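Okay, so here's the structure we're looking at.
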Amino acid sequence: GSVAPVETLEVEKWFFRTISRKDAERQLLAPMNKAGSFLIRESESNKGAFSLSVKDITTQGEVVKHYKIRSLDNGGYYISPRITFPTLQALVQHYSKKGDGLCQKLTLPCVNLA
């Protein structure tokens, strides 16, 4: 059949850029999603580094989360030095079914609005 322009996998919600901290948080805090819906915003001063927001549905009152993903040349990305992955997507694969210490395993990358 026809060739589609740019064979897409995701590149929406989970894989985001350097949106403001409160912006990425605005999309998770929405009642449209829940704990596991994430944002992986970039560090705008990054050495290939990212960051990550998660909807923490705690007893305090629906707060996001914040993590520090450093991009390794020899290990892709790491948040906890114990858990490293060759790329964020391998990080977002494992976390989907088992957050593994993130206290919030992924579910659905926010609410696609485009």
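Starting from 1 in every chain, residues are counted up; chains themselves are A, B, ... following the order of the structure tokens, and ligands are numbered from 1 as listed.
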
Task: strand (DSSP E or B) residues, from DSSP on the backbone, in segment 60-102 of chain A, as a ChimeraX atom specification - done: /A:63,67-72,76-80,83-85

Keeping only N, CA, C and O atoms, write those residues as a short mmCIF file (atom, residue, chain, number, x, y, z; two decimals), in the first residue's frame.
data_model
loop_
_atom_site.label_atom_id
_atom_site.label_comp_id
_atom_site.auth_asym_id
_atom_site.auth_seq_id
_atom_site.Cartn_x
_atom_site.Cartn_y
_atom_site.Cartn_z
N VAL A 63 -1.22 14.91 43.28
CA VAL A 63 0.00 15.67 43.01
C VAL A 63 0.73 14.97 41.88
O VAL A 63 0.55 13.78 41.73
N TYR A 67 11.19 13.23 38.39
CA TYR A 67 12.35 12.31 38.37
C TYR A 67 13.42 12.93 37.45
O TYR A 67 13.13 13.75 36.58
N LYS A 68 14.67 12.47 37.70
CA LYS A 68 15.85 12.94 36.99
C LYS A 68 16.56 11.79 36.23
O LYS A 68 17.32 11.00 36.77
N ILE A 69 16.23 11.81 34.93
CA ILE A 69 16.76 10.88 33.93
C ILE A 69 17.99 11.47 33.24
O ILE A 69 17.92 12.43 32.49
N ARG A 70 19.12 10.81 33.55
CA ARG A 70 20.40 11.16 32.96
C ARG A 70 20.63 10.16 31.86
O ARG A 70 20.46 8.97 32.06
N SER A 71 21.03 10.72 30.72
CA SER A 71 21.31 9.95 29.53
C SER A 71 22.78 9.57 29.53
O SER A 71 23.67 10.42 29.48
N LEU A 72 22.99 8.25 29.58
CA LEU A 72 24.32 7.68 29.60
C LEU A 72 24.67 7.17 28.21
O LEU A 72 23.85 6.62 27.48
N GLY A 76 22.26 4.36 28.24
CA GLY A 76 20.98 4.93 27.84
C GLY A 76 20.39 6.00 28.76
O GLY A 76 20.57 7.18 28.51
N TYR A 77 19.65 5.52 29.80
CA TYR A 77 18.99 6.42 30.76
C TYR A 77 18.85 5.72 32.10
O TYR A 77 18.63 4.52 32.18
N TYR A 78 18.97 6.56 33.16
CA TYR A 78 18.79 6.03 34.51
C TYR A 78 18.17 7.13 35.39
O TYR A 78 18.48 8.30 35.27
N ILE A 79 17.28 6.65 36.29
CA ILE A 79 16.60 7.48 37.30
C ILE A 79 17.09 7.05 38.67
O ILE A 79 17.48 7.86 39.50
N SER A 80 17.08 5.71 38.81
CA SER A 80 17.63 5.07 39.98
C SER A 80 18.88 4.42 39.38
O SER A 80 18.75 3.72 38.38
N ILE A 83 18.46 0.88 38.34
CA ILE A 83 17.71 0.63 37.10
C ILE A 83 18.08 1.66 36.02
O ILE A 83 17.83 2.87 36.09
N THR A 84 18.67 1.01 35.00
CA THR A 84 19.18 1.62 33.80
C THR A 84 18.58 0.86 32.60
O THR A 84 18.27 -0.32 32.69
N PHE A 85 18.45 1.62 31.50
CA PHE A 85 17.85 1.09 30.26
C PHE A 85 18.55 1.75 29.06
O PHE A 85 18.92 2.91 29.15
#

TODO: May I have the residues within 10 Å of residue 43 of chain A as a PyMOL selection string, using only C-alpha atoms and disregarding those fewer than 5 positions away in the same chain?
DONE: chain A and resi 17-19+48-51+68-70

Take the residues just selected and output them with N, CA and C atoms as an mmCIF file, in the first residue's frame.
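Output below, filename selection_26.cif:
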data_model
loop_
_atom_site.group_PDB
_atom_site.id
_atom_site.type_symbol
_atom_site.label_atom_id
_atom_site.label_comp_id
_atom_site.auth_asym_id
_atom_site.auth_seq_id
_atom_site.Cartn_x
_atom_site.Cartn_y
_atom_site.Cartn_z
ATOM 1 N N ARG A 17 8.890 17.121 25.202
ATOM 2 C CA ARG A 17 10.059 17.990 25.280
ATOM 3 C C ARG A 17 9.940 18.851 26.534
ATOM 4 N N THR A 18 10.874 19.818 26.600
ATOM 5 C CA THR A 18 11.044 20.797 27.661
ATOM 6 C C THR A 18 9.893 21.795 27.717
ATOM 7 N N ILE A 19 8.774 21.218 28.156
ATOM 8 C CA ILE A 19 7.561 21.968 28.407
ATOM 9 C C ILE A 19 7.805 22.489 29.819
ATOM 10 N N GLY A 48 21.836 15.404 26.821
ATOM 11 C CA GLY A 48 20.943 14.383 26.274
ATOM 12 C C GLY A 48 19.912 13.872 27.311
ATOM 13 N N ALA A 49 19.855 14.613 28.446
ATOM 14 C CA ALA A 49 19.020 14.297 29.605
ATOM 15 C C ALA A 49 17.559 14.718 29.430
ATOM 16 N N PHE A 50 16.747 14.007 30.239
ATOM 17 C CA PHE A 50 15.306 14.203 30.301
ATOM 18 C C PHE A 50 14.904 14.395 31.795
ATOM 19 N N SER A 51 13.577 14.383 32.014
ATOM 20 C CA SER A 51 12.920 14.527 33.315
ATOM 21 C C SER A 51 11.585 13.786 33.213
ATOM 22 N N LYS A 68 14.666 12.473 37.702
ATOM 23 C CA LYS A 68 15.850 12.938 36.988
ATOM 24 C C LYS A 68 16.558 11.793 36.231
ATOM 25 N N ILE A 69 16.233 11.805 34.928
ATOM 26 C CA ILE A 69 16.763 10.876 33.928
ATOM 27 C C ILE A 69 17.993 11.467 33.236
ATOM 28 N N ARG A 70 19.119 10.805 33.547
ATOM 29 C CA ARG A 70 20.399 11.164 32.959
ATOM 30 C C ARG A 70 20.635 10.156 31.864
#

Task: Among listed residues A:53, A:107, A:89, A:59, nearest residue 40 of chain A (using only C-alpha atoms) - done: A:53

Task: Residues flagged alpha helix (DSSP H) by DSSP in segment 4-51 of chain A, as a PyMOL selection string - done: chain A and resi 21-28

TODO: Name all residues at most 10 Å from residue 104 of chain A (count only C-alpha atoms; drop same-chain ones fewer than 4 positions away) and give them as a ChimeraX atom specification.
DONE: /A:34-38,54-57,65,95-100

So that I have them on file, write out the residues from the current selection with C-alpha atoms, as an mmCIF file, in the first residue's frame.
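Below you can see out.cif, which holds the result:
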data_model
loop_
_atom_site.group_PDB
_atom_site.id
_atom_site.type_symbol
_atom_site.label_atom_id
_atom_site.label_comp_id
_atom_site.auth_asym_id
_atom_site.auth_seq_id
_atom_site.Cartn_x
_atom_site.Cartn_y
_atom_site.Cartn_z
ATOM 1 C CA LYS A 34 -4.564 8.688 36.317
ATOM 2 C CA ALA A 35 -1.372 7.433 38.013
ATOM 3 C CA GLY A 36 0.783 5.938 35.280
ATOM 4 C CA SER A 37 0.003 8.577 32.661
ATOM 5 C CA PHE A 38 3.385 10.348 32.288
ATOM 6 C CA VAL A 54 3.712 11.177 37.011
ATOM 7 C CA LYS A 55 0.251 11.594 38.461
ATOM 8 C CA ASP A 56 0.711 10.680 42.155
ATOM 9 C CA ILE A 57 -2.709 9.872 43.579
ATOM 10 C CA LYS A 65 5.877 13.583 40.587
ATOM 11 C CA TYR A 95 7.531 0.729 33.774
ATOM 12 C CA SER A 96 4.298 0.169 31.838
ATOM 13 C CA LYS A 97 3.767 -3.211 33.519
ATOM 14 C CA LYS A 98 5.957 -2.679 36.497
ATOM 15 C CA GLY A 99 6.921 0.858 37.600
ATOM 16 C CA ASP A 100 9.662 -0.793 39.604
#

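Distance check against residue 82 of chain A using only C-alpha atoms: of A:101, A:20, A:64, A:44, the minimum falls on A:101.
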
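Interatomic distance, atom CA of residue 109 of chain A to atom CA of residue 60 of chain A: 23.0 Å.
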
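Comparing the minimum interatomic distances between residue 112 of chain A and each of A:9, A:87, A:22, A:27, counting only C-alpha atoms, we find that A:27 sits nearest.
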
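Here the question is which of A:113, A:108, A:61, A:93 gets nearest to residue 29 of chain A using only C-alpha atoms, and that residue is A:61.
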
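Take atom CA of residue 28 of chain A and atom CA of residue 52 of chain A: the distance between them is 11.2 Å.
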
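For the set A:66, A:26, A:91, A:16, the residue with the smallest atom-to-atom gap to residue 41 of chain A is A:16, counting only C-alpha atoms.
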
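The closest residue to residue 103 of chain A, picked from A:21, A:90, A:32, A:58 and counting only C-alpha atoms, is A:58.
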